[PDB]
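Novice: Following this: a sequence and the matching experimental structure.
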Amino acid sequence: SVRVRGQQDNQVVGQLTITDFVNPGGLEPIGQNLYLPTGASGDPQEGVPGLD
Amino acid sequence: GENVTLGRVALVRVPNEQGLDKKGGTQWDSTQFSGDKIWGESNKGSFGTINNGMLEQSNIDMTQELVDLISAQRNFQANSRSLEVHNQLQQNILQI
Amino acid sequence: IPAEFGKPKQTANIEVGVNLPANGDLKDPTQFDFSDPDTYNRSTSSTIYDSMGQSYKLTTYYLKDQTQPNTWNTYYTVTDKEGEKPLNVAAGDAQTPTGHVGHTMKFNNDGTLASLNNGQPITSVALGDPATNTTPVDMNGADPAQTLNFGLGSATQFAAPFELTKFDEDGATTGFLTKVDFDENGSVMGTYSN
Amino acid sequence: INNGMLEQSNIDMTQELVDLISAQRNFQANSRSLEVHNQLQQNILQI
Amino acid sequence: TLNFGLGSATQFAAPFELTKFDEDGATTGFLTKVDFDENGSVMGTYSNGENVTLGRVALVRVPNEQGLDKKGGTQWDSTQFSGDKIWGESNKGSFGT
Amino acid sequence: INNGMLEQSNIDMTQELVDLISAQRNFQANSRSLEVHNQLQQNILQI
Amino acid sequence: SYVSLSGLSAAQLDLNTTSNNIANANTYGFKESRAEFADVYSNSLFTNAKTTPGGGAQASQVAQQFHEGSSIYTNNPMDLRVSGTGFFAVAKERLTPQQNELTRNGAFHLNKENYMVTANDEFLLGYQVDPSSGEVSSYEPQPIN
Amino acid sequence: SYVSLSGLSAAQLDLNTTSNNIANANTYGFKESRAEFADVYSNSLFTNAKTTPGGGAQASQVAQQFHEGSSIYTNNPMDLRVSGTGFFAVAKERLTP
Amino acid sequence: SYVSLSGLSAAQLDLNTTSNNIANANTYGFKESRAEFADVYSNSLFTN
Amino acid sequence: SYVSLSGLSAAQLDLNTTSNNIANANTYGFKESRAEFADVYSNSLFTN
């Protein structure tokens, strides 16, 4: 959310989603601090950051 | 000899005063966490009264502030000592 | 920890004691109109409460009867957010061509009260019931059948100027959170304006 | 307008002396804080 | 051309005296003080009591300030990762004071 | 132009002393940085 | 070292809060701030939990303790104080009463238009009451004239 | 330090105001001055500012409190005082008013 | 400190009133003045 | 203090008036003088 001048009740501009893995150690490091899912990593499960 | 009321000062109260956002020059504004501004007259309900000829100073205690200064300096020094010990341990490892 | 705590009680009895100026100028009973201050002599404002605890402003208008000496006309109005809606008395003996019904007050030559509403009690019509009043009060979901009893048995008319000597009502709106303290049992106690 | 008179200053010597004391106290406290901040930085500068 | 008025001139026993001299001429102002308001407007007062606004400072805000390229002397310039220069007044919208 | 008066300096001893302290602190920090650079270079030069 | 660095940062935050409190010892309407901290702890399915220490100190919030401050007396009718709960409302622009801010100091004066303003020439807000009215007639906020 | 330095500066400004008031205790027509201060708090779009402290103390304005001063009595008709609201008007040059 | 300053101000106000009374000891038609004081206590939601 | 100084001045003026009256006890045609005083109160928009 961001706050706009002359407007209370800050306006929501997006909603972040994060993904978890059953076996994060099985991810393929592709450099640049990035990972790609693999067969041993498991399916990417997505949701709101704070539930499930 | 015409004594006429020209108005009355507005008094604004928010439910959560801790949540007011801080502007410059000893001023605040209402936000999402502070609730909606409750507009009322003075001396009504939970509102206070308005006294002319007076000002409010700061609500700080020089004794308590000075003691907190001392305690915070002491905590800073202790944490710096901890960091120094850690650096010494790492250097000790790095000399085998 | 509610900011307002209380059990609102609707207004049911309004006891008013006034002194009406005997030296005030006479006024025309049929020309009364609450939008024109010059048709009457005096106007007082009071606050009343409904069943749900909403605050409303009650303005009372006093008019000096010209046709009949030592006689006064009194009208009530209830102020809502749409305007000032006149309040009518069901059995009041003061009537206007505009449909606003007040009550007449008569006084003796020694200044004491003579009669009120031809001896009948002053009970007003329902505030928010459109079936009884041509100007229903918008009570915002509160009890629309609320009625008011007005007591003016101690009103007087002397040479002294207009004076509101006594105003008594049973209304009670709500509290307002004022202080909070916790006892040794962990119970959180709050005191309110009421 | 009145002749034969002059206006003095509109100050109260008592209030001025008291404000002198208060301002000195505030100055001393702030200098103490500045000294504390210098001591912290010196403490870091010796590791 | 000049118009001279001497309708109140007198000749008494008193020595020469210039009792009154009135003219409508007006030369110019002279800059005396400068202050800026919270809107960035520059106000200058002059000898003739002439307080005139001379302009207001321009304020530039780019959407991605991290992407500004660093020149010398504590200066930055717009790039495309920094976005386009948004010209605005102070204390308006998202700008400061 | 006023006769009988002179202009002193336009310096504030308080502000000058505070700026002296701050400049000394900046000098010490920069000297600490140069020391780390020498220490790093010496560390390389001992393989 | 990261935990020690966190401790240093928390101590320095407390120092800055206290110094800001001290500097404003003379300003009118100021409210002291208190800095509160919370522990840092977060373990994975893959760490033993009992064999792993904590994670340092994190800053929770800088509070804005709003207890009543002391009063001075100037014997000047333009100086106002709120004894108890409440804020004044001050508008940046005369016309708009929406863009208003809350304040506690009451150093007011009249400007050339005879409007009650603050030091920054920000117009104070108030209610419109008729010369013969009683309570507030129009409960909307507009600058006091 | 900058916040503490601001506190030092504010205290010294109040000191200077008080000293100026004290010095002019005997001058005719003087009006005392009062120093008023305001807090400093400001933030950009980059900083979070949920857990950031204050920015110190900023001088707001030195007032010119204009409450009536006391009167002395010289028994000389050429000495005048304005009892109440008003100022005397004095012109540097005789010709120009 | 502010409470002590308030006490000083109260004492000085009583002084000024008494001095004005004494000064006008000879004036015709004068009425003396009496200075009365009240306590200060702030009722807030905080501060116990 | 200016109030006290004003009181001193008023008393001294009455003293001078009385002394002038007493000195002229023998002169022919003299008329005594009486000193009358008035209170001072400055009405300003400030000072409550």
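Specialist: Sure thing, it's come through. Numbers count the residues shown, from 1 in each chain, chains lettered A, B, ... in the order given.
Novice: All the strands of the chain, in order from the start?
Specialist: Reading this off chain A. A:18-20, A:28-31, A:34-36, A:45-47 (DSSP state E).
Novice: To clarify, I was referring to chain E.
Specialist: Using DSSP E, strands in chain E cover E:33-36, E:41-45, E:52-56, E:59-61, E:69-71, E:75-77, E:86-88.
Novice: can you tell me which residues contact residue G:114?
Specialist: residue G:145 (CB atoms under 8 Å, 6 or more residues apart in numbering or on different chains). In this view, the C-beta of every residue, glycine as well, is placed from N, C-alpha and C.
Novice: With residue E:37 instead?
Specialist: Applying CB under 8 Å, 6+ apart, the residues near residue E:37 are residue E:43.
Novice: Around chain H, which positions in chain E sit nearby?
Specialist: E:18, E:20-21, E:65, E:94, E:96 (CB under 8 Å from any CB of the partner chain).
Novice: Pipe the strands of chain E into TSV and attach distance to chain I per row.
Specialist: Below are the strands of chain E laid out as TSV (distance: least, CB to the nearest CB, whole Å):
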stretch	distance to chain I
strand E:33-36	35
strand E:41-45	39
strand E:52-56	43
strand E:59-61	40
strand E:69-71	49
strand E:75-77	47
strand E:86-88	41
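Novice: Output these in a markdown table; the columns should cover mean neighbour count and distance to residue H:49.
Specialist: Formatted as a markdown table, the strands of chain E follow (neighbours: other CB atoms under 10 Å in any protein chain shown; distance: least, CB to CB, whole Å):
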| stretch | mean neighbour count | distance to residue H:49 |
| --- | --- | --- |
| strand E:33-36 | 10 | 26 |
| strand E:41-45 | 15 | 28 |
| strand E:52-56 | 11 | 27 |
| strand E:59-61 | 15 | 17 |
| strand E:69-71 | 10 | 25 |
| strand E:75-77 | 11 | 23 |
| strand E:86-88 | 12 | 22 |
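Novice: can you put these in a markdown table and add distance to residue D:7?
Specialist: What follows is the strands of chain E, written out as a markdown table (distance: least, CB to CB, whole Å):
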| stretch | distance to residue D:7 |
| --- | --- |
| strand E:33-36 | 28 |
| strand E:41-45 | 29 |
| strand E:52-56 | 36 |
| strand E:59-61 | 47 |
| strand E:69-71 | 60 |
| strand E:75-77 | 56 |
| strand E:86-88 | 50 |
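Novice: Which secondary structure state does the residue in chain B positioned nearest to chain H sit in?
Specialist: Nearest to chain H, among the residues of chain B, is residue B:25, at 4.0 Å (CB to the nearest CB). State at residue B:25, reduced to three classes by DSSP: H, G, I helix; E, B strand; the rest coil: coil.
Novice: Run a quick neighbour tally on it.
Specialist: Using other CB atoms under 10 Å in any protein chain shown, residue B:25 has 21 neighbouring residues.
Novice: Once you drop chain neighbours, what's closest to it?
Specialist: Nearest non-adjacent residue to residue B:25, counting by CB to CB, 6 or more residues apart in numbering or on different chains: residue H:38, 4.0 Å away.
Novice: ok, back up a step: between the residues of chain E next to chain H, which sits nearest residue C:7?
Specialist: residue E:94 (48.9 Å; CB to CB).
Novice: is it true that the closest one touches residue E:61?
Specialist: Yes: using CB atoms under 8 Å as the test, residue E:94 is close enough to residue E:61 to be in contact (6.7 Å).
Novice: residue of chain C with the smallest distance to chain E?
Specialist: For chain C, CB to the nearest CB, closest residue to chain E: residue C:3, 34.5 Å.
Novice: hang on, isn't that residue packed against residue B:45?
Specialist: No: between residue C:3 and residue B:45 there is no contact under CB under 8 Å: 9.2 Å.
Novice: Quickly list what's touching both of those two.
Specialist: residue C:176.
Novice: Looking at those two, which has the bigger crowd around it?
Specialist: The neighbour comparison of residue C:3 against residue B:45 (other CB under 10 Å) goes to residue B:45, with 19 against 16.
Novice: hang on, isn't that one packed against residue C:193?
Specialist: Yes: with contact defined as CB under 8 Å, residue B:45 reaches residue C:193; the gap is 5.6 Å.
Novice: Mutual contacts of those two, please.
Specialist: residue C:176.
Novice: hang on, the earlier thing: mind telling me what element the residue nearest to residue B:25 is part of?
Specialist: strand H:35-39 (DSSP states H and E).
Novice: okay, the angle between that strand and helix G:2-23?
Specialist: Relative orientation of strand H:35-39 versus helix G:2-23 (axes from the mean of the first three to the mean of the last three CA atoms, to 10 degrees): 150 degrees.
Novice: Just the CA coordinates for strand H:35-39, please, in PDB.
Specialist: In PDB, the C-alpha atoms belonging to strand H:35-39 read as follows (Å, rounded to 0.1, in the frame of the first residue of the first chain):
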ATOM      1  CA  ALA H  35      11.600  32.600  21.300                       C
ATOM      2  CA  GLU H  36       9.300  29.800  20.100                       C
ATOM      3  CA  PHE H  37      10.500  26.500  18.700                       C
ATOM      4  CA  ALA H  38       9.100  23.600  16.600                       C
ATOM      5  CA  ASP H  39      10.000  20.000  16.200                       C
END
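Novice: can you give me the offset of the helix or strand following it from its chain's centre?
Specialist: Moving toward the C-terminus from strand H:35-39, the first helix or strand encountered (DSSP H and E) is strand H:57-62. Here strand H:57-62 is found 10 Å from its chain centre; the criterion is CA atoms, centre = their mean, to the nearest Å.
Novice: ok and strand H:57-62 relative to helix D:13-44, angle-wise?
Specialist: Using the same axes, to 10 degrees: strand H:57-62 against helix D:13-44 is 160 degrees.
Novice: For stretch E:79-89, measure first residue to last.
Specialist: Start-to-end span of stretch E:79-89 (CA to CA, to the nearest Å) is 22 Å.
Novice: Drop anything exposed from the residues of chain E next to chain H.
Specialist: Not one of those meets the buried threshold, by 16 or more other CB atoms under 10 Å in any protein chain shown.
Novice: In a markdown table, list the residues you listed along with distance to chain F.
Specialist: Shown next, in a markdown table, are the residues of chain E next to chain H (distance: CB to the nearest CB, whole Å):
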| residue | distance to chain F |
| --- | --- |
| E:18 | 26 |
| E:20 | 29 |
| E:21 | 26 |
| E:65 | 26 |
| E:94 | 33 |
| E:96 | 26 |
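Novice: Tell me the one of these nearest chain G?
Specialist: Closest to chain G, out of all of the residues of chain E next to chain H and judged by CB to the nearest CB, is residue E:96, at 14.0 Å.
Novice: if we can go back for a sec, out of the strands of chain A, which comes closest to residue E:47?
Specialist: That would be strand A:18-20 among these, by CB to CB, at 67.8 Å.
Novice: Phi and psi next, for the residue nearest to the residue of chain C closest to chain E when sequence neighbours are not counted.
Specialist: Closest residue in space to residue C:3, ignoring its immediate chain neighbours: residue C:177 at 4.9 Å, by CB to CB, 6+ apart. With angles defined as degrees, to the nearest 10, residue C:177 sits at phi -60, psi 130.
Novice: How about residue C:177: which residues does it bridge to?
Specialist: When assigned by DSSP bridges, residue C:177 has beta-bridge partners residue C:192.
Novice: List the contacts of it.
Specialist: Contacts of residue C:177 (CB under 8 Å, 6+ apart): B:46, C:1-5, C:190, C:192, I:45.
Novice: Indicate each strand paired with the strand holding residue H:38 and its parallel or antiparallel sense.
Specialist: When DSSP bridges is applied, strand H:35-39 pairs with strand H:57-62 (antiparallel).
Novice: Determine how far the last residue of stretch B:10-27 lies from the first.
Specialist: Stretch B:10-27 has an end-to-end distance of 16 Å (CA to CA).
Novice: That stretch: how far from the chain's middle?
Specialist: That offset, for stretch B:10-27, works out to 10 Å (CA atoms, centre = their mean).
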